[PDB]
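As stored in query32.cif (mmCIF, N, CA and C atoms):
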```cif
data_my_file
#
loop_
_atom_site.label_atom_id
_atom_site.label_comp_id
_atom_site.auth_asym_id
_atom_site.auth_seq_id
_atom_site.Cartn_x
_atom_site.Cartn_y
_atom_site.Cartn_z
N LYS Y 1 40.02 -34.39 63.28
CA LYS Y 1 40.92 -34.59 62.12
C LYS Y 1 41.77 -33.33 61.93
N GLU Y 2 42.71 -33.36 60.98
CA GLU Y 2 43.68 -32.25 60.71
C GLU Y 2 42.94 -31.16 59.92
N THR Y 3 42.92 -29.92 60.41
CA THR Y 3 42.37 -28.79 59.62
C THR Y 3 43.30 -28.54 58.41
N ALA Y 4 42.72 -28.03 57.34
CA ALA Y 4 43.43 -27.57 56.12
C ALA Y 4 44.50 -26.56 56.51
N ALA Y 5 44.20 -25.65 57.41
CA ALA Y 5 45.19 -24.65 57.85
C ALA Y 5 46.34 -25.38 58.53
N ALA Y 6 46.05 -26.32 59.44
CA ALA Y 6 47.09 -27.10 60.13
C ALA Y 6 47.90 -27.92 59.11
N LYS Y 7 47.25 -28.53 58.14
CA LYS Y 7 47.90 -29.33 57.07
C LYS Y 7 48.85 -28.41 56.30
N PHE Y 8 48.45 -27.17 56.02
CA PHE Y 8 49.35 -26.23 55.30
C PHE Y 8 50.59 -25.95 56.15
N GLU Y 9 50.44 -25.68 57.46
CA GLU Y 9 51.60 -25.40 58.35
C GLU Y 9 52.53 -26.64 58.36
N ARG Y 10 51.96 -27.83 58.50
CA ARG Y 10 52.77 -29.08 58.48
C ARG Y 10 53.51 -29.24 57.16
N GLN Y 11 52.81 -29.09 56.05
CA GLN Y 11 53.39 -29.42 54.73
C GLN Y 11 54.32 -28.31 54.26
N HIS Y 12 54.13 -27.04 54.67
CA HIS Y 12 54.78 -25.90 53.95
C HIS Y 12 55.48 -24.82 54.80
N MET Y 13 55.32 -24.77 56.11
CA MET Y 13 55.94 -23.77 56.96
C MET Y 13 57.18 -24.35 57.63
N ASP Y 14 58.31 -23.67 57.48
CA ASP Y 14 59.53 -23.94 58.30
C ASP Y 14 60.21 -22.62 58.65
N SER Y 15 59.63 -21.91 59.61
CA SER Y 15 60.10 -20.58 60.09
C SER Y 15 61.40 -20.75 60.93
N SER Y 16 61.69 -21.96 61.42
CA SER Y 16 62.79 -22.26 62.38
C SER Y 16 64.18 -21.93 61.82
N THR Y 17 64.36 -21.99 60.50
CA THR Y 17 65.60 -21.59 59.77
C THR Y 17 65.25 -20.54 58.70
N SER Y 18 66.24 -19.75 58.27
CA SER Y 18 66.12 -18.65 57.28
C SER Y 18 66.38 -19.16 55.85
N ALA Y 19 66.98 -20.35 55.70
CA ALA Y 19 67.38 -20.94 54.39
C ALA Y 19 67.39 -22.48 54.48
N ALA Y 20 67.70 -23.14 53.36
CA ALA Y 20 67.78 -24.61 53.23
C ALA Y 20 68.95 -25.08 54.09
N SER Y 21 68.64 -25.57 55.30
CA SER Y 21 69.62 -25.86 56.38
C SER Y 21 70.88 -26.50 55.79
N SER Y 22 70.74 -27.37 54.78
CA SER Y 22 71.84 -28.21 54.24
C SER Y 22 71.36 -29.02 53.03
N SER Y 23 72.26 -29.82 52.45
CA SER Y 23 71.95 -30.77 51.35
C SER Y 23 71.02 -31.87 51.88
N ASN Y 24 70.99 -32.09 53.20
CA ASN Y 24 70.16 -33.15 53.85
C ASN Y 24 68.74 -32.65 54.16
N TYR Y 25 68.50 -31.34 54.09
CA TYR Y 25 67.29 -30.66 54.62
C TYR Y 25 66.00 -31.38 54.17
N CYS Y 26 65.80 -31.52 52.87
CA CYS Y 26 64.58 -32.13 52.27
C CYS Y 26 64.46 -33.60 52.68
N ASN Y 27 65.56 -34.35 52.65
CA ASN Y 27 65.47 -35.77 53.06
C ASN Y 27 64.89 -35.84 54.48
N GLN Y 28 65.35 -34.96 55.38
CA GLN Y 28 64.96 -35.02 56.80
C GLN Y 28 63.54 -34.46 56.95
N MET Y 29 63.28 -33.31 56.33
CA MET Y 29 62.00 -32.56 56.50
C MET Y 29 60.84 -33.29 55.82
N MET Y 30 61.04 -33.82 54.61
CA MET Y 30 59.96 -34.59 53.94
C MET Y 30 59.56 -35.77 54.84
N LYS Y 31 60.52 -36.37 55.55
CA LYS Y 31 60.21 -37.52 56.44
C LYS Y 31 59.49 -37.02 57.70
N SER Y 32 60.07 -36.04 58.40
CA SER Y 32 59.61 -35.56 59.73
C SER Y 32 58.25 -34.88 59.64
N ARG Y 33 57.87 -34.34 58.47
CA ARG Y 33 56.53 -33.69 58.28
C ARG Y 33 55.53 -34.69 57.70
N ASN Y 34 55.94 -35.94 57.52
CA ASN Y 34 55.04 -37.08 57.19
C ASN Y 34 54.59 -37.00 55.74
N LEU Y 35 55.42 -36.45 54.86
CA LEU Y 35 55.09 -36.38 53.42
C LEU Y 35 55.66 -37.60 52.69
N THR Y 36 56.18 -38.59 53.41
CA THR Y 36 56.70 -39.86 52.82
C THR Y 36 56.05 -41.08 53.50
N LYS Y 37 54.89 -40.90 54.14
CA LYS Y 37 54.28 -41.97 54.98
C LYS Y 37 53.68 -43.06 54.09
N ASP Y 38 52.91 -42.68 53.07
CA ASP Y 38 52.16 -43.61 52.17
C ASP Y 38 52.75 -43.60 50.75
N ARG Y 39 53.63 -42.64 50.44
CA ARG Y 39 54.43 -42.62 49.20
C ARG Y 39 55.39 -41.44 49.28
N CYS Y 40 56.43 -41.44 48.47
CA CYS Y 40 57.31 -40.26 48.30
C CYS Y 40 56.47 -39.17 47.61
N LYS Y 41 56.03 -38.15 48.35
CA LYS Y 41 55.46 -36.95 47.68
C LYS Y 41 56.52 -36.44 46.71
N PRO Y 42 56.24 -36.32 45.40
CA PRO Y 42 57.27 -36.00 44.42
C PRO Y 42 57.91 -34.61 44.57
N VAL Y 43 57.11 -33.57 44.83
CA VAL Y 43 57.63 -32.18 45.01
C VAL Y 43 56.94 -31.54 46.21
N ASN Y 44 57.64 -30.64 46.89
CA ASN Y 44 57.09 -29.92 48.04
C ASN Y 44 57.93 -28.68 48.26
N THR Y 45 57.30 -27.60 48.71
CA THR Y 45 57.97 -26.32 49.03
C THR Y 45 57.76 -26.00 50.52
N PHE Y 46 58.82 -25.63 51.21
CA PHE Y 46 58.81 -25.09 52.57
C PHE Y 46 59.18 -23.61 52.51
N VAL Y 47 58.46 -22.79 53.25
CA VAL Y 47 58.62 -21.32 53.35
C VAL Y 47 59.29 -20.99 54.69
N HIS Y 48 60.40 -20.26 54.60
CA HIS Y 48 61.24 -19.81 55.76
C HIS Y 48 60.95 -18.35 56.04
N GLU Y 49 59.73 -18.11 56.49
CA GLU Y 49 59.25 -16.80 56.94
C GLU Y 49 58.34 -17.08 58.13
N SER Y 50 58.00 -16.06 58.91
CA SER Y 50 57.07 -16.21 60.05
C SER Y 50 55.71 -16.66 59.57
N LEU Y 51 54.97 -17.31 60.44
CA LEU Y 51 53.56 -17.64 60.18
C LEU Y 51 52.81 -16.35 59.86
N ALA Y 52 53.04 -15.28 60.62
CA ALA Y 52 52.27 -14.04 60.45
C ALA Y 52 52.48 -13.56 59.01
N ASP Y 53 53.74 -13.61 58.55
CA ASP Y 53 54.16 -13.08 57.23
C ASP Y 53 53.48 -13.93 56.14
N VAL Y 54 53.36 -15.24 56.31
CA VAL Y 54 52.72 -16.08 55.26
C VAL Y 54 51.20 -15.87 55.35
N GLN Y 55 50.61 -15.81 56.55
CA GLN Y 55 49.16 -15.58 56.70
C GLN Y 55 48.80 -14.22 56.06
N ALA Y 56 49.68 -13.23 56.13
CA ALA Y 56 49.41 -11.87 55.58
C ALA Y 56 49.28 -11.94 54.05
N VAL Y 57 49.82 -12.98 53.41
CA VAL Y 57 49.75 -13.10 51.92
C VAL Y 57 48.27 -13.19 51.52
N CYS Y 58 47.38 -13.67 52.37
CA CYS Y 58 45.94 -13.80 52.05
C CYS Y 58 45.28 -12.43 51.84
N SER Y 59 45.95 -11.33 52.21
CA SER Y 59 45.51 -9.94 51.94
C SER Y 59 46.38 -9.21 50.91
N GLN Y 60 47.18 -9.93 50.11
CA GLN Y 60 48.09 -9.34 49.13
C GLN Y 60 47.50 -9.55 47.72
N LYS Y 61 48.36 -9.83 46.75
CA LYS Y 61 47.94 -9.70 45.34
C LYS Y 61 47.06 -10.89 44.94
N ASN Y 62 45.79 -10.63 44.65
CA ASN Y 62 44.84 -11.68 44.24
C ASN Y 62 45.21 -12.12 42.81
N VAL Y 63 45.39 -13.41 42.62
CA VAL Y 63 45.76 -14.03 41.33
C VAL Y 63 44.97 -15.32 41.15
N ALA Y 64 44.78 -15.71 39.90
CA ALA Y 64 44.12 -16.99 39.62
C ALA Y 64 44.95 -18.14 40.13
N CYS Y 65 44.31 -19.12 40.75
CA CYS Y 65 44.92 -20.42 41.09
C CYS Y 65 45.11 -21.28 39.83
N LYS Y 66 46.06 -22.17 39.89
CA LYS Y 66 46.34 -23.13 38.80
C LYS Y 66 45.10 -23.93 38.44
N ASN Y 67 44.24 -24.23 39.40
CA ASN Y 67 43.00 -25.01 39.09
C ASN Y 67 41.85 -24.11 38.63
N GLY Y 68 42.04 -22.82 38.45
CA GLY Y 68 41.01 -21.90 37.95
C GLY Y 68 40.15 -21.20 39.01
N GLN Y 69 40.32 -21.60 40.28
CA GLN Y 69 39.67 -20.89 41.40
C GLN Y 69 40.31 -19.50 41.52
N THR Y 70 39.63 -18.56 42.17
CA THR Y 70 40.04 -17.15 42.24
C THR Y 70 40.70 -16.81 43.57
N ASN Y 71 40.79 -17.74 44.50
CA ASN Y 71 41.21 -17.44 45.90
C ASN Y 71 42.69 -17.65 46.13
N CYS Y 72 43.55 -17.33 45.15
CA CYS Y 72 45.01 -17.39 45.33
C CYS Y 72 45.60 -15.98 45.42
N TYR Y 73 46.69 -15.91 46.15
CA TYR Y 73 47.32 -14.64 46.54
C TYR Y 73 48.82 -14.77 46.43
N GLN Y 74 49.41 -13.78 45.78
CA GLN Y 74 50.87 -13.69 45.56
C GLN Y 74 51.48 -12.66 46.49
N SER Y 75 52.55 -13.07 47.16
CA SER Y 75 53.27 -12.20 48.12
C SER Y 75 53.88 -11.00 47.37
N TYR Y 76 53.75 -9.81 47.96
CA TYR Y 76 54.37 -8.60 47.37
C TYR Y 76 55.89 -8.68 47.42
N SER Y 77 56.42 -9.28 48.48
CA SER Y 77 57.88 -9.50 48.65
C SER Y 77 58.27 -10.91 48.22
N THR Y 78 59.54 -11.06 47.84
CA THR Y 78 60.16 -12.39 47.75
C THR Y 78 60.27 -12.94 49.18
N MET Y 79 60.18 -14.25 49.25
CA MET Y 79 60.31 -15.03 50.49
C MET Y 79 61.35 -16.11 50.30
N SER Y 80 62.00 -16.42 51.41
CA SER Y 80 62.99 -17.52 51.42
C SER Y 80 62.21 -18.83 51.38
N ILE Y 81 62.49 -19.67 50.39
CA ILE Y 81 61.81 -20.99 50.24
C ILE Y 81 62.84 -22.07 49.96
N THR Y 82 62.45 -23.29 50.29
CA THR Y 82 63.17 -24.50 49.85
C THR Y 82 62.24 -25.38 49.01
N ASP Y 83 62.65 -25.69 47.78
CA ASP Y 83 61.99 -26.71 46.93
C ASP Y 83 62.64 -28.07 47.21
N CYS Y 84 61.80 -29.07 47.46
CA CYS Y 84 62.18 -30.50 47.55
C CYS Y 84 61.68 -31.23 46.30
N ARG Y 85 62.58 -31.92 45.62
CA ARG Y 85 62.25 -32.62 44.36
C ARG Y 85 62.82 -34.03 44.45
N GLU Y 86 61.95 -35.03 44.34
CA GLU Y 86 62.34 -36.45 44.51
C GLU Y 86 63.35 -36.78 43.41
N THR Y 87 64.36 -37.61 43.72
CA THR Y 87 65.41 -38.05 42.77
C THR Y 87 64.90 -39.25 41.95
N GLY Y 88 65.65 -39.64 40.90
CA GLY Y 88 65.43 -40.89 40.15
C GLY Y 88 65.73 -42.11 41.02
N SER Y 89 66.85 -42.06 41.76
CA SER Y 89 67.34 -43.10 42.71
C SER Y 89 66.31 -43.37 43.81
N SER Y 90 65.44 -42.39 44.11
CA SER Y 90 64.45 -42.43 45.22
C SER Y 90 63.48 -43.60 45.03
N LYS Y 91 63.44 -44.53 45.98
CA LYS Y 91 62.46 -45.64 45.99
C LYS Y 91 61.88 -45.75 47.40
N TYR Y 92 60.57 -45.53 47.51
CA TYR Y 92 59.77 -45.71 48.73
C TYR Y 92 60.06 -47.11 49.26
N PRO Y 93 60.33 -47.27 50.57
CA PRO Y 93 60.13 -46.22 51.58
C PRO Y 93 61.31 -45.28 51.85
N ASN Y 94 62.43 -45.44 51.14
CA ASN Y 94 63.63 -44.57 51.27
C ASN Y 94 63.52 -43.43 50.25
N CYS Y 95 62.70 -42.43 50.56
CA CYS Y 95 62.49 -41.26 49.67
C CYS Y 95 63.72 -40.35 49.74
N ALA Y 96 64.23 -39.92 48.59
CA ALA Y 96 65.43 -39.05 48.47
C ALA Y 96 65.10 -37.82 47.63
N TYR Y 97 65.57 -36.65 48.07
CA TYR Y 97 65.20 -35.35 47.47
C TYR Y 97 66.45 -34.51 47.21
N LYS Y 98 66.41 -33.74 46.12
CA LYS Y 98 67.28 -32.56 45.93
C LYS Y 98 66.67 -31.40 46.71
N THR Y 99 67.48 -30.76 47.58
CA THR Y 99 67.17 -29.50 48.31
C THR Y 99 67.64 -28.29 47.50
N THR Y 100 66.71 -27.42 47.07
CA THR Y 100 67.02 -26.17 46.30
C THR Y 100 66.51 -24.96 47.08
N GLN Y 101 67.40 -24.03 47.41
CA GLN Y 101 67.06 -22.77 48.12
C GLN Y 101 66.79 -21.70 47.07
N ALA Y 102 65.81 -20.85 47.31
CA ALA Y 102 65.53 -19.71 46.42
C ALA Y 102 64.78 -18.64 47.18
N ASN Y 103 64.76 -17.46 46.59
CA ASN Y 103 63.98 -16.29 47.06
C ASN Y 103 62.98 -15.98 45.97
N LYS Y 104 61.71 -16.26 46.25
CA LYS Y 104 60.65 -16.14 45.22
C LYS Y 104 59.41 -15.61 45.91
N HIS Y 105 58.56 -15.00 45.10
CA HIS Y 105 57.19 -14.66 45.52
C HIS Y 105 56.43 -15.96 45.64
N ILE Y 106 55.65 -16.09 46.69
CA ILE Y 106 54.84 -17.33 46.83
C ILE Y 106 53.42 -17.03 46.40
N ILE Y 107 52.74 -18.08 45.97
CA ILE Y 107 51.28 -18.00 45.68
C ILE Y 107 50.58 -19.08 46.53
N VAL Y 108 49.64 -18.64 47.36
CA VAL Y 108 48.90 -19.54 48.27
C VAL Y 108 47.41 -19.35 48.03
N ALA Y 109 46.65 -20.41 48.25
CA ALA Y 109 45.18 -20.36 48.24
C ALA Y 109 44.73 -20.19 49.69
N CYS Y 110 43.79 -19.31 49.90
CA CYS Y 110 43.30 -19.01 51.27
C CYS Y 110 41.80 -19.26 51.36
N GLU Y 111 41.37 -19.69 52.52
CA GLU Y 111 39.97 -20.01 52.79
C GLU Y 111 39.70 -19.73 54.26
N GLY Y 112 38.44 -19.66 54.58
CA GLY Y 112 37.96 -19.74 55.98
C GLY Y 112 37.77 -18.38 56.65
N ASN Y 113 37.29 -18.46 57.89
CA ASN Y 113 37.26 -17.35 58.86
C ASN Y 113 37.86 -17.88 60.16
N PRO Y 114 39.12 -17.53 60.48
CA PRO Y 114 39.85 -16.51 59.73
C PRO Y 114 40.32 -16.99 58.34
N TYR Y 115 40.61 -16.01 57.49
CA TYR Y 115 41.05 -16.27 56.08
C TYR Y 115 42.55 -16.55 56.07
N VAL Y 116 42.90 -17.82 55.87
CA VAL Y 116 44.29 -18.30 56.10
C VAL Y 116 44.72 -19.21 54.96
N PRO Y 117 46.03 -19.39 54.78
CA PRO Y 117 46.53 -20.24 53.72
C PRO Y 117 46.16 -21.69 53.99
N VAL Y 118 45.64 -22.36 52.99
CA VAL Y 118 45.31 -23.81 53.04
C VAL Y 118 45.98 -24.58 51.90
N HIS Y 119 46.62 -23.93 50.95
CA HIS Y 119 47.22 -24.64 49.79
C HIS Y 119 48.37 -23.78 49.30
N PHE Y 120 49.48 -24.42 48.98
CA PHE Y 120 50.64 -23.77 48.33
C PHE Y 120 50.47 -23.98 46.84
N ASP Y 121 50.27 -22.92 46.09
CA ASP Y 121 49.95 -23.08 44.66
C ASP Y 121 51.20 -23.04 43.78
N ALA Y 122 52.11 -22.15 44.05
CA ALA Y 122 53.25 -21.87 43.15
C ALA Y 122 54.23 -20.92 43.78
N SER Y 123 55.44 -20.89 43.20
CA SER Y 123 56.37 -19.80 43.51
C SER Y 123 56.73 -19.16 42.17
N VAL Y 124 56.97 -17.85 42.15
CA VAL Y 124 57.27 -17.12 40.88
C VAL Y 124 58.35 -16.08 41.14
#
```
Structure translated into structure tokens:
Amino acid sequence: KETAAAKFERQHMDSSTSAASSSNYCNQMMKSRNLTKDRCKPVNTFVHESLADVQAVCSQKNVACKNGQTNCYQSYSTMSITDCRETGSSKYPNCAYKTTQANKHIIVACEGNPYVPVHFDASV
């Protein structure tokens, strides 16, 4: 089955570009990463940094997770991210998203050995 670490790379890593490729980015990426298979996932964030740079966040600023667990980490630097947000017009199976580019600190939950990101918690 899919590891949590692999699921995080699928759902949240896009190192291939430095920014939100275009107004079409989220429509294409939400589909191609399989986040519209069984329903339109309402919101999703993609990080445009290297895998190494996002994995390194697991050794950065320890912060509380939104669910109250203690294993979340905030990046010391801002990172290039794209927020995908489903539209009102959006009806499964034709999921439609607003693509928003920003530079924000990310917060990820990390687990395992090796200790790696398994959940995208927030951007700040």
Name every residue that the PyMOL selection byres ((chain Y and resi 116) around 8) selects in this structure, writing the answer as a list in words with chains first and numbers rising.
residues 4, 5, 54, 55, 56, 57, 58, 108, 109, 110, 111, 112, 113, 114, 115, 117, 118 and 119 of chain Y
Got a sec to resolve the PyMOL selection byres ((chain Y and resi 67-73) around 5) on this structure and send the residues as a ChimeraX atom specification?
/Y:61-66,74-75,107-110
Which residues match the PyMOL selection byres ((chain Y and resi 78) around 8) in the file above, as a PyMOL selection string?
chain Y and resi 75-77+79-81+102-106+124
Go ahead and save the residues from that selection, with N, CA and C atoms, as a tab-separated table (two decimals), in the coordinates of the input.
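Listed below is the output, result-v7.tsv:
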```tsv
chain	number	residue	atom	x	y	z
Y	75	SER	N	52.55	-13.07	47.16
Y	75	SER	CA	53.27	-12.20	48.12
Y	75	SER	C	53.88	-11.00	47.37
Y	76	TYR	N	53.75	-9.81	47.96
Y	76	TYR	CA	54.37	-8.60	47.37
Y	76	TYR	C	55.89	-8.68	47.42
Y	77	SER	N	56.42	-9.28	48.48
Y	77	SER	CA	57.88	-9.50	48.65
Y	77	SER	C	58.27	-10.91	48.22
Y	79	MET	N	60.18	-14.25	49.25
Y	79	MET	CA	60.31	-15.03	50.49
Y	79	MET	C	61.35	-16.11	50.30
Y	80	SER	N	62.00	-16.42	51.41
Y	80	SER	CA	62.99	-17.52	51.42
Y	80	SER	C	62.21	-18.83	51.38
Y	81	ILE	N	62.49	-19.67	50.39
Y	81	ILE	CA	61.81	-20.99	50.24
Y	81	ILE	C	62.84	-22.07	49.96
Y	102	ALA	N	65.81	-20.85	47.31
Y	102	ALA	CA	65.53	-19.71	46.42
Y	102	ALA	C	64.78	-18.64	47.18
Y	103	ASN	N	64.76	-17.46	46.59
Y	103	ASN	CA	63.98	-16.29	47.06
Y	103	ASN	C	62.98	-15.98	45.97
Y	104	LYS	N	61.71	-16.26	46.25
Y	104	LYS	CA	60.65	-16.14	45.22
Y	104	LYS	C	59.41	-15.61	45.91
Y	105	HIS	N	58.56	-15.00	45.10
Y	105	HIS	CA	57.19	-14.66	45.52
Y	105	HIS	C	56.43	-15.96	45.64
Y	106	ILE	N	55.65	-16.09	46.69
Y	106	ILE	CA	54.84	-17.33	46.83
Y	106	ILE	C	53.42	-17.03	46.40
Y	124	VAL	N	56.97	-17.85	42.15
Y	124	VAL	CA	57.27	-17.12	40.88
Y	124	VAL	C	58.35	-16.08	41.14
```
With distances taken over all atoms listed in the file, the candidate from Y:35, Y:95, Y:47, Y:8 nearest residue 82 (chain Y) is Y:47
Identify all residues of region 1-117 of chain Y in strand (DSSP E) (DSSP on the backbone) and supply them as a PyMOL selection string.
chain Y and resi 43-47+61-63+72-74+79-86+97-104+106-111+116-117
Go ahead and write the residues just picked, N, CA and C atoms, as a CSV table (one decimal), in the frame of the given file.
```csv
chain,number,residue,atom,x,y,z
Y,43,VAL,N,57.1,-33.6,44.8
Y,43,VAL,CA,57.6,-32.2,45.0
Y,43,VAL,C,56.9,-31.5,46.2
Y,44,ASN,N,57.6,-30.6,46.9
Y,44,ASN,CA,57.1,-29.9,48.0
Y,44,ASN,C,57.9,-28.7,48.3
Y,45,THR,N,57.3,-27.6,48.7
Y,45,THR,CA,58.0,-26.3,49.0
Y,45,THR,C,57.8,-26.0,50.5
Y,46,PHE,N,58.8,-25.6,51.2
Y,46,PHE,CA,58.8,-25.1,52.6
Y,46,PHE,C,59.2,-23.6,52.5
Y,47,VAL,N,58.5,-22.8,53.2
Y,47,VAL,CA,58.6,-21.3,53.4
Y,47,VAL,C,59.3,-21.0,54.7
Y,61,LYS,N,48.4,-9.8,46.8
Y,61,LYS,CA,47.9,-9.7,45.3
Y,61,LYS,C,47.1,-10.9,44.9
Y,62,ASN,N,45.8,-10.6,44.6
Y,62,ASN,CA,44.8,-11.7,44.2
Y,62,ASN,C,45.2,-12.1,42.8
Y,63,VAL,N,45.4,-13.4,42.6
Y,63,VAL,CA,45.8,-14.0,41.3
Y,63,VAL,C,45.0,-15.3,41.2
Y,72,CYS,N,43.6,-17.3,45.2
Y,72,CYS,CA,45.0,-17.4,45.3
Y,72,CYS,C,45.6,-16.0,45.4
Y,73,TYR,N,46.7,-15.9,46.2
Y,73,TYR,CA,47.3,-14.6,46.5
Y,73,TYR,C,48.8,-14.8,46.4
Y,74,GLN,N,49.4,-13.8,45.8
Y,74,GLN,CA,50.9,-13.7,45.6
Y,74,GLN,C,51.5,-12.7,46.5
Y,79,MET,N,60.2,-14.2,49.2
Y,79,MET,CA,60.3,-15.0,50.5
Y,79,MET,C,61.4,-16.1,50.3
Y,80,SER,N,62.0,-16.4,51.4
Y,80,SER,CA,63.0,-17.5,51.4
Y,80,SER,C,62.2,-18.8,51.4
Y,81,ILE,N,62.5,-19.7,50.4
Y,81,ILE,CA,61.8,-21.0,50.2
Y,81,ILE,C,62.8,-22.1,50.0
Y,82,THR,N,62.4,-23.3,50.3
Y,82,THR,CA,63.2,-24.5,49.8
Y,82,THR,C,62.2,-25.4,49.0
Y,83,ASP,N,62.6,-25.7,47.8
Y,83,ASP,CA,62.0,-26.7,46.9
Y,83,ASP,C,62.6,-28.1,47.2
Y,84,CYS,N,61.8,-29.1,47.5
Y,84,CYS,CA,62.2,-30.5,47.6
Y,84,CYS,C,61.7,-31.2,46.3
Y,85,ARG,N,62.6,-31.9,45.6
Y,85,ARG,CA,62.2,-32.6,44.4
Y,85,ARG,C,62.8,-34.0,44.4
Y,86,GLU,N,62.0,-35.0,44.3
Y,86,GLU,CA,62.3,-36.4,44.5
Y,86,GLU,C,63.4,-36.8,43.4
Y,97,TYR,N,65.6,-36.6,48.1
Y,97,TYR,CA,65.2,-35.4,47.5
Y,97,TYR,C,66.4,-34.5,47.2
Y,98,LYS,N,66.4,-33.7,46.1
Y,98,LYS,CA,67.3,-32.6,45.9
Y,98,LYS,C,66.7,-31.4,46.7
Y,99,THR,N,67.5,-30.8,47.6
Y,99,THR,CA,67.2,-29.5,48.3
Y,99,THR,C,67.6,-28.3,47.5
Y,100,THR,N,66.7,-27.4,47.1
Y,100,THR,CA,67.0,-26.2,46.3
Y,100,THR,C,66.5,-25.0,47.1
Y,101,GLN,N,67.4,-24.0,47.4
Y,101,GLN,CA,67.1,-22.8,48.1
Y,101,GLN,C,66.8,-21.7,47.1
Y,102,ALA,N,65.8,-20.8,47.3
Y,102,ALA,CA,65.5,-19.7,46.4
Y,102,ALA,C,64.8,-18.6,47.2
Y,103,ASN,N,64.8,-17.5,46.6
Y,103,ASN,CA,64.0,-16.3,47.1
Y,103,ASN,C,63.0,-16.0,46.0
Y,104,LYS,N,61.7,-16.3,46.2
Y,104,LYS,CA,60.6,-16.1,45.2
Y,104,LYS,C,59.4,-15.6,45.9
Y,106,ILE,N,55.6,-16.1,46.7
Y,106,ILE,CA,54.8,-17.3,46.8
Y,106,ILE,C,53.4,-17.0,46.4
Y,107,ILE,N,52.7,-18.1,46.0
Y,107,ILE,CA,51.3,-18.0,45.7
Y,107,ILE,C,50.6,-19.1,46.5
Y,108,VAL,N,49.6,-18.6,47.4
Y,108,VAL,CA,48.9,-19.5,48.3
Y,108,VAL,C,47.4,-19.4,48.0
Y,109,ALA,N,46.6,-20.4,48.2
Y,109,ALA,CA,45.2,-20.4,48.2
Y,109,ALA,C,44.7,-20.2,49.7
Y,110,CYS,N,43.8,-19.3,49.9
Y,110,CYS,CA,43.3,-19.0,51.3
Y,110,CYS,C,41.8,-19.3,51.4
Y,111,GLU,N,41.4,-19.7,52.5
Y,111,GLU,CA,40.0,-20.0,52.8
Y,111,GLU,C,39.7,-19.7,54.3
Y,116,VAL,N,42.9,-17.8,55.9
Y,116,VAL,CA,44.3,-18.3,56.1
Y,116,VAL,C,44.7,-19.2,55.0
Y,117,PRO,N,46.0,-19.4,54.8
Y,117,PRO,CA,46.5,-20.2,53.7
Y,117,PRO,C,46.2,-21.7,54.0
```
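Shortest atom-to-atom contact with residue 24 (chain Y) among Y:83, Y:121, Y:40, Y:97: Y:97, counting only C-alpha atoms.
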d(CA of residue 99 (chain Y), CA of residue 44 (chain Y)) in Å:
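According to the coordinates, CA of residue 99 (chain Y) and CA of residue 44 (chain Y) are separated by 10.1 Å.
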Could you give me, as a ChimeraX atom specification, each residue of chain Y that DSSP assigns to alpha helix (DSSP H) when run on this structure's backbone?
/Y:4-12,25-32,51-55
Counting only N, CA and C atoms, figure out which residue out of Y:89, Y:122, Y:11, Y:20 gets nearest to residue 33 (chain Y).
Y:11
Point-to-point distance from CA of residue 49 (chain Y) to CA of residue 22 (chain Y), Å rounded to tenths
17.2 Å
Please indicate the distance in Å from atom N of residue 19 (chain Y) to atom N of residue 98 (chain Y), rounded to one decimal place.
16.5 Å
With distances taken over only C-alpha atoms, which residue among Y:38, Y:30, Y:50, Y:59 lies nearest residue 96 (chain Y)?
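Looking only at the distances to residue 96 (chain Y), the closest residue turns out to be Y:30.
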Padding of 8 Å on every side, edges along x, y and z, all listed atoms of region 103-106 of chain Y included: what centre and edge lengths in Å, to one decimal, does that box have, as JSON?
```
{"center_x": 59.1, "center_y": -16.1, "center_z": 46.1, "size_x": 27.3, "size_y": 18.8, "size_z": 18.0}
```
Closest of Y:60, Y:45, Y:123, Y:27 to residue 93 (chain Y), counting only C-alpha atoms, is Y:27
Could I see region 60-66 of chain Y restored to N, CA, C and O atoms, set down as a PDB file, in the coordinates of the input?
```pdb
ATOM      1  N   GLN Y  60      47.180  -9.930  50.110  1.00  0.00           N
ATOM      2  CA  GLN Y  60      48.090  -9.340  49.130  1.00  0.00           C
ATOM      3  C   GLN Y  60      47.500  -9.550  47.720  1.00  0.00           C
ATOM      4  O   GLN Y  60      46.291  -9.325  47.550  1.00  0.00           O
ATOM      5  N   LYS Y  61      48.360  -9.830  46.750  1.00  0.00           N
ATOM      6  CA  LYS Y  61      47.940  -9.700  45.340  1.00  0.00           C
ATOM      7  C   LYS Y  61      47.060 -10.890  44.940  1.00  0.00           C
ATOM      8  O   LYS Y  61      47.550 -11.990  44.881  1.00  0.00           O
ATOM      9  N   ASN Y  62      45.790 -10.630  44.650  1.00  0.00           N
ATOM     10  CA  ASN Y  62      44.840 -11.680  44.240  1.00  0.00           C
ATOM     11  C   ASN Y  62      45.210 -12.120  42.810  1.00  0.00           C
ATOM     12  O   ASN Y  62      45.317 -11.265  41.899  1.00  0.00           O
ATOM     13  N   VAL Y  63      45.390 -13.410  42.620  1.00  0.00           N
ATOM     14  CA  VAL Y  63      45.760 -14.030  41.330  1.00  0.00           C
ATOM     15  C   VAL Y  63      44.970 -15.320  41.150  1.00  0.00           C
ATOM     16  O   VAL Y  63      44.484 -15.902  42.111  1.00  0.00           O
ATOM     17  N   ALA Y  64      44.780 -15.710  39.900  1.00  0.00           N
ATOM     18  CA  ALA Y  64      44.120 -16.990  39.620  1.00  0.00           C
ATOM     19  C   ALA Y  64      44.950 -18.140  40.130  1.00  0.00           C
ATOM     20  O   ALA Y  64      46.180 -18.162  39.980  1.00  0.00           O
ATOM     21  N   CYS Y  65      44.310 -19.120  40.750  1.00  0.00           N
ATOM     22  CA  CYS Y  65      44.920 -20.420  41.090  1.00  0.00           C
ATOM     23  C   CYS Y  65      45.110 -21.280  39.830  1.00  0.00           C
ATOM     24  O   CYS Y  65      44.350 -21.134  38.915  1.00  0.00           O
ATOM     25  N   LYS Y  66      46.060 -22.170  39.890  1.00  0.00           N
ATOM     26  CA  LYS Y  66      46.340 -23.130  38.800  1.00  0.00           C
ATOM     27  C   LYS Y  66      45.100 -23.930  38.440  1.00  0.00           C
ATOM     28  O   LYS Y  66      44.893 -24.207  37.243  1.00  0.00           O
TER      29      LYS Y  66
END
```
